[PDB]
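Single chain ahead, written as structure tokens, the form deposited in one PDB entry.
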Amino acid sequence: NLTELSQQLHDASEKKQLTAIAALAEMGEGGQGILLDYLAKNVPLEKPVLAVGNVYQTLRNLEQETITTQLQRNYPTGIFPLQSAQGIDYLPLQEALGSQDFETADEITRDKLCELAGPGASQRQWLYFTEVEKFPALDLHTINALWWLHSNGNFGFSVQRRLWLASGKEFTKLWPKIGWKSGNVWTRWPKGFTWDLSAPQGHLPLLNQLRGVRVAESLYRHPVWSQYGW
């Protein structure tokens, strides 16, 4: 029933929205038209809204010519403002995430964090924890919003942070939870990682532990998360 499923999407229960979206996407032109109209009334986002990301990404994932064309024409930069306190271009990150190319998105995210830190980090291609502490909140918000909106809330530094808090801030308990260690075995980069949504919650983006936890801790303690309600 398209009428009842559209009503379910326009009601306020997020869990019932998500089931309606999945059902509508499998109902051809009528269901997909309801989803496209929903996007049109809710994009561009101001605050990240998981349902809106799920609608967009569900439609992208159909990989049908006309819907893909319509989405690219109407939302050429995606559904979320690509804002940067340093004028950085986040469209390549958005494009990788919209394609569900999470490995590429992980690589781009690492490159952008170095670019955000400055020439020293870009030259050495890794970060000092103090550079992380001084990141502008706006860029971290954009980066995280993209990861979260294009992963049904499963990926993002905000997701890792809340799992870390749930672990009593014990990093040795966090790694197994997000799939970065299995018992004694560190997950080998890149081939050991799971570059798709079957991965555990918080699996991406990656934070190499070769130089210790200081960068990750500085990132999870950064004021962006409380400031933007993550």
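Residue numbers here begin at 1 and follow the sequence given. Here, rigid core means the biggest group of C-alpha atoms that superpose within 1.5 Å across both forms. Residues that one form lacks are left out of the comparison.
Residue 15 coordinate gap across at least a third of other entries: Looking at the other entries that model residues on either side of it, residue 15 is missing from at least a third.
Stretch with the greater mean C-alpha B-factor as recorded in the entry, comparing 49-57 against 23-31: Per the deposited B-factors, the answer is 23-31.
Entry-level comparison of average CA B-factors, 199-207 and 39-47, reporting the higher stretch: Higher mean C-alpha B-factor in the PDB entry: 39-47.
C-alpha B-factor winner, where the candidates are 142, 160, 123, 151: Checking the PDB record, the top C-alpha B-factor among 142, 160, 123, 151 is at 123.
Where the record places residue 92 (Cα B-factor, split into thirds across the chain): Middle third, going by the recorded CA B-factors of the chain.
Chain-relative CA temperature factor third for residue 75: Its C-alpha B-factor belongs to the middle third of this chain's values.
Third assignment of residue 101 from its chain's C-alpha B-factors: Lowest third - that is where residue 101 ends up once the chain's C-alpha B-factors are sorted.
Record-listed C-alpha B factor of residue 183: chain third: According to the entry, residue 183 has a C-alpha B-factor in the chain's highest third.
Ranked against its chain, the third holding the CA B-factor of residue 84: According to the entry, residue 84 has a C-alpha B-factor in the chain's middle third.
Omitted from view is the form deposited in another entry, to which the following refers.
Core fit, then residue 183 C-alpha moves 2 Å or more between this form and the one not shown: Indeed, residue 183 is displaced by 2 Å or more.
CA of residue 134, rigid core aligned, shift of 2 Å or more between this form and the one not shown: No, residue 134 moves less than 2 Å.
Change in CA distance between residue 186 and residue 176 in the other entry, which is 3 Å or more, as closer or farther: More distant in the other entry, by 3 Å or more.
Shift in CA distance, residue 187 and residue 163, in the other entry relative to the form shown here, given it is 3 Å or more: Farther apart, by at least 3 Å.
Residue ranges moving between this form and the one not shown (criterion: at least three consecutive CA positions shifted 2 angstroms or more, core aligned): Core-superposed, displaced stretches are 123-126, 182-191.
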